[PDB]
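A lone chain, given as structure tokens: the form deposited in one PDB entry.
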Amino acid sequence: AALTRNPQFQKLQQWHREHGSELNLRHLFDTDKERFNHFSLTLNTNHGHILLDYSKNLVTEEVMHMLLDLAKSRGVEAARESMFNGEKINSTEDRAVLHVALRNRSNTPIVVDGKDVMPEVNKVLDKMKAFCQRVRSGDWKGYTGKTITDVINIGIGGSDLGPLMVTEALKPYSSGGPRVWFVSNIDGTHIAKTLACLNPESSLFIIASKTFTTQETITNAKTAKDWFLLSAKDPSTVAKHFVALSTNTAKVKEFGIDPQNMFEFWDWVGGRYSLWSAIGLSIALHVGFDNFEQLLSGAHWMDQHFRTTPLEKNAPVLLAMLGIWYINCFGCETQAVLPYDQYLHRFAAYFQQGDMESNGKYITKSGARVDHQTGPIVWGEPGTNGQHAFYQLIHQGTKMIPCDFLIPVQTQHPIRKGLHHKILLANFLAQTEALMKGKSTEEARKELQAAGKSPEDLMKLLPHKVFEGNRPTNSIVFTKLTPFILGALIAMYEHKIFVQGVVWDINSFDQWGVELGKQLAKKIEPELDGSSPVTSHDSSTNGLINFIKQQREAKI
């Protein structure tokens, strides 16, 4: 594998196995009061500021220089240009990777197969804008002349999570927009519970699917249409209640959706990087097209930052290299994402997909099997809730867990004259301070003695109240969570994921395991029908299938 054979990686590795064990955050701050200044980055987007404070990390100037030298020797910049220039860096599927083109507000030409893709990107965007206009203004009428009150997005994975997370994060900006619903799981409960609340006369279904063949989505789509026609009664009416977001005109046709009602994207648009495309139709319908264009602009701003800033001051690069540091040097399996914002309740989940589906690989672009760690397990929940739950393990467990704490300075709901947000911010700050500082044995025993504890009680309870600290965190603070800032934040992490993938020399844009999954259920599905036992698989699969058929009858 490329990484292990790299001299910069070896130098960093040797340094860590020579000093790593010795790096204490509390000590570092106590010996360098310019630390914050030296390990923090402030970005002024002219539409809000974003402060990336990475000073609470187990690093020194020597460590950062070695990490950036690695980014350089691993060719991050050249790879970055290849992506922005439309080169087919997705080597296994031989495709370009152009989500940056989707939000290329500057309209600078990007050539693929001898053709600028921007004209087509803008054509779809204009079509989306015209459609949303019609729907929102009430011009688009259902089969009975009523305006559309509900929009239902049917899709899964990359055709679901992005729009779900963004519409949730941007709720404050959806005034004058129809209600938006997201159905994704094949589990019947999802679509059934959704349909139960809808009126077919005023509901518009959006079938999101790059391929338009995914089993969960097509099956949900058919159930929706069947449900609809139970009222409509004229397939000529579905044209007024069903539209498609896809790249496969053929399939959309077979389903019963004529063009003009198909908003397309392209193969260089990865599913987990597709919310910026026609896939974001539900977003635009929810918050309006101006806000949707703001989202795109925020992403474009971050793309430009990533492309023009020297590595040492490049946000996504710094985030990516600190991650490489914890993953490949400290051996940390996970990465926690902790937004202190309820609207971002699906943010961690979104990047759980974005990061893991991209870098959960073990084969390099040269075909060699990696002999080092790659993508981490990403998780988290919106604080503060976590503090009263899993934070216990982050503070006093046996695992090192790098955490990204995020929060907006200004809230969308300054109720009680800002009291709630004041408390939220204080907790945000105090948590990373405590993770860094911890609480020594002397400090703990002091409190216990002041509490008047007997020598007996203090002795047995003292160890349990000590916090070793030295747990690294990043604090990302932005002025306000607007469509623009959100877009820049999502783009920031997309590029962090990109940089790590380049350093590991893997292809962060294919998903063979996901592709495989879409073809596994195939064989067992028909075998579940009969009531006769199955014996064609290993004994576990057989036993589970037979327990299934047996309990199918059970009358509980």
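Only residues modelled in both forms are compared. The numbering used is simple: start at 1 and walk along the sequence shown. Think of the rigid core as the biggest set of C-alphas that the two forms share within 1.5 Å after superposition.
FYI, the form deposited in another entry isn't displayed, but the following is about it.
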(Q) Superpose on the core and compare between the shown form and the other one; which one of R95, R74, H305, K251 crosses the 2 Å Cα shift mark? (A) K251
Q) Is there a C-alpha shift of 2 Å or more at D32 between the shown form and the other one once the rigid core is superposed? A) no
Q | Exceeds or equals 2 Å, Cα of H47 between the shown form and the other one, core fit | A | no
Q.
Superposing on the rigid core, is the Cα displacement of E525 between the shown form and the other one 2 Å or more?
A. no
Q) Upon rigid-core superposition, which contiguous segments of at least three residues exhibit Cα shifts of 2 angstroms or more between the shown form and the other one? A) 247-251, 253-256, 514-520
